[PDB]
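A short write-up of the structure that comes next.
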Amino acid sequence: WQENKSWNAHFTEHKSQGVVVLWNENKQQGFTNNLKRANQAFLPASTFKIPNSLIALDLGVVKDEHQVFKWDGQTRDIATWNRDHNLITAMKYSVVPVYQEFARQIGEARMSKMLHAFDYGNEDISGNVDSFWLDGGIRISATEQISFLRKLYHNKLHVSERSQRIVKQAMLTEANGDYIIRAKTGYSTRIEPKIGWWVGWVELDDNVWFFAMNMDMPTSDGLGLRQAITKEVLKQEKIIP
Ligand SMILES: C=C(C(=O)O)[C@@H]1OB(O)c2ccccc21
Numbered sequence: 025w026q027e028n029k030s031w032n033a034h035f036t037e038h039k040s041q042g043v044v045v046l047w048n049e050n051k052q053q054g055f056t057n058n059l060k061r062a063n064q065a066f067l068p069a070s071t072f073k074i075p076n077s078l079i080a081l082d083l084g085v086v087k088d089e090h091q092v093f094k095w096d097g098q099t100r101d102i103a104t105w106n107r108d109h110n111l112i113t114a115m116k117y118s119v120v121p122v123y124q125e126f127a128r129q130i131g132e133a134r135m136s137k138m139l140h141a142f143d144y145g146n147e148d149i150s151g152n153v154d155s156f157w158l159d160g161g162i163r164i165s166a167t168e169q170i171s172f173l174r175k176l177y178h179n180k181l182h183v184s185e186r187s188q189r190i191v192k193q194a195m196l197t198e199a200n201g202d203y204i205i206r207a208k209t210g211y212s213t214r215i216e217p218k219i220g221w222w223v224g225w226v227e228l229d230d231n232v233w234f235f236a237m238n239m240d241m242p243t244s245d246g247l248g249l250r251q252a253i254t255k256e257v258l259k260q261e262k263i264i265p
């Protein structure tokens with residue numbers, strides 16, 4: 025692991041504080057601007073949608089990426105949530121109430137066993153079965169997110185290959201002729217400190233760069249900084265143009 029404090033300039037530029045962690049898969053080398061915060065464990069918030077999706081698929085709670093989960097008719101503050109969703113759009117718009125129903129159907133015993141099998145964070149699901157990743161006991165650091173994502177990339181988690189392929193499809197965020205980004209955002213607001221997350225990886229022709237970032241996020245107005253700061257780091261390190 026190497027520390028590169030120069031990336032702090034990207035946070036300071038936006039009056040922010042946080043951490044970016046990168047992992048060069050070919051060379052098995054990690055880089056970060058803050059080795060302490062890189063290993064600080066936070067609520068995963070919606071980044072938990074990655075393991076939750078895997079478990080739901082593997083237990084048949086979700087049949088496939090086309091199955092429709094009908095809106096329950098309750099109007100919520102995020103407009104995109106007030107409609108029917110499949111796994112692809114529920115990941116895209118981070119639709120909490122769809123995933124809350126998954127978790128209830130999964131149930132606490134199976135949720136706990138799967139997170140242990142995944143070696144996920146502190147493996148603690150204390151709290152409500154349908155909100156613990158938002159206001160319960162589960163904590164994961166940026167470097168632990170990378171360990172988890174690497175197993176997913178390699179199809180090494182303790183679920184079927186199909187489940188892992190479908191979730192990686194549903195993580196698709198950006199692609200062009202230079203790179204592919206598979207990732208998931210998160211925003212933890214229920215418990216302090218409020219933080220934003222972005223975790224995933226960048227696929228190149230001949231390498232994969234895993235990343236996990238979090239940043240202090242006192243208001244929703246800075247959420248776009250999650251991707252913008254990560255991309256400034258990726259550009260500085262010549263991973264993306
Ligand atoms: C949409 C979100 C994002 O882009 O990060 C966010 O995901 B969750 O952490 C989450 C939970 C409740 C409300 C919003 C969110």
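Take 25 as the starting number for the sequence shown in the deposited numbering and just add one per residue. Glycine residues also receive a C-beta, built at the ideal position from the N, C-alpha and C atoms.
Checklist entry - Thinking just about the alpha-carbon of each residue, which of 221, 214, 201, 131 is nearest to the one in residue 208? => result 221
Item to check | Contacts around residue 63, its chain only, beta-carbon distance under 6 angstroms, and the 5 residues preceding and following it disregarded | outcome: 165, 167
Next on the checklist: Below 8 angstroms on the Cβ atoms is my contact criterion, and I expect residue 219 with residue 240 to pass it. Report the Cβ-Cβ distance as a whole number of Å.
Outcome noted: About 6 angstroms separates the Cβ atoms of residue 219 and residue 240, confirming a contact at the 8 angstroms cut-off.
Checklist entry - Where does residue 70 fall in DSSP's three states? => result Assignment of residue 70 by DSSP, reduced to helix, strand and coil, places it in the helix class.
Item to check | C-beta atoms of residue 182 and residue 236 nearer than 8 angstroms | outcome: no
Checklist entry - Can you give, in chain order, each stretch of the beta strand (DSSP E) that sits fully within the segment 162-199 and has at least 3 residues? => result Here the runs fully enclosed are 196-199.
Next on the checklist: Taking 7 angstroms as the cut-off, is the beta-carbon of residue 210 closer than that to any non-hydrogen atom of ligand 1?
Outcome noted: yes
Next on the checklist: With three or more beta-carbon pairs closer than 8 angstroms as the criterion, would you say the segment 147-166 touches the segment 126-137?
Outcome noted: The segment 126-137 and the segment 147-166 touch, with three or more beta-carbon pairs separated by less than 8 angstroms.
Next on the checklist: For ligand 1, is there any heavy atom lying closer than 7 angstroms to the beta carbon of residue 111?
Outcome noted: no
Checklist entry - Candidates 175, 198, 149, 138: which alpha carbon is nearest residue 189's? => result 175
Checklist entry - Any idea what DSSP makes of residue 219, helix, strand or coil? => result The DSSP-derived three-state label of residue 219 is strand.
Checklist entry - Near residue 91, which residues of its chain fall below 8 angstroms by C-beta distance, leaving aside the five closest residues on each side in sequence? => result Counting only residues of its own chain and dropping the five nearest sequence neighbours on each side, residue 91 has a CB closer than 8 angstroms to the CB of 110, 111.
Item to check | Inter-stretch contact at 8 angstroms, needing at least 3 Cβ pairs: the segment 43-57 / the segment 193-205 | outcome: No, they do not touch.
Checklist entry - Based on the DSSP secondary-structure assignment, which residues constitute the bridge partners of residue 26? => result 55
Next on the checklist: Given this structure, state the Cα-to-Cα distance separating residue 22 from residue 100, to the nearest angstrom.
Outcome noted: Beyond the ends of the chain as shown, which are 25 and 265, falls residue 22; an answer cannot be given.
Next on the checklist: Between 191, 59, 149, 226, which has its C-alpha nearest residue 272's C-alpha?
Outcome noted: In the structure as shown, the chain begins at 25 and stops at 265. Residue 272 is therefore absent and cannot be evaluated.
Item to check | Where the beta strand (DSSP E) containing residue 231 begins and where it ends | outcome: It is not in any beta strand (DSSP E) - residue 231 carries neither H nor E in the DSSP assignment.
Checklist entry - Using the beta-carbon count (16 or more within 10 Å), is residue 206 buried or exposed? => result buried
Next on the checklist: Taking DSSP's pairing of strands, which residues face residue 202 in a bridge?
Outcome noted: Paired residues: none, contrary to the question.
Next on the checklist: Which residues does DSSP list as the beta-bridge partners of residue 212?
Outcome noted: 219
Next on the checklist: From the DSSP secondary-structure annotation, give me the bridge partner or partners of residue 46.
Outcome noted: In the DSSP output, where bridge partners are listed per residue, residue 46 has 55, 235.
Next on the checklist: What I want to know is whether the C-beta of residue 247 ends up closer than 7 angstroms to one or more non-hydrogen atoms of ligand 1.
Outcome noted: For ligand 1, at least one heavy atom lies less than 7 angstroms from the Cβ of residue 247.
Next on the checklist: What residue range does the alpha helix (DSSP H) around residue 137 cover?
Outcome noted: Start and end: 132-141.
Next on the checklist: Less than 8 angstroms between the C-beta atoms of residue 95 and residue 173, yes or no?
Outcome noted: no
Item to check | Proximity to residue 121 [Cα-Cα], best of 162, 163, 169, 70 | outcome: Of all alpha-carbon atoms in 162, 163, 169, 70, the one lying nearest the alpha-carbon of residue 121 is that of 70.
Item to check | Assumed close pair residue 132, residue 139 - CB separation to whole angstroms, cut-off 8 angstroms | outcome: About 11 angstroms; that fails the 8 angstroms criterion.
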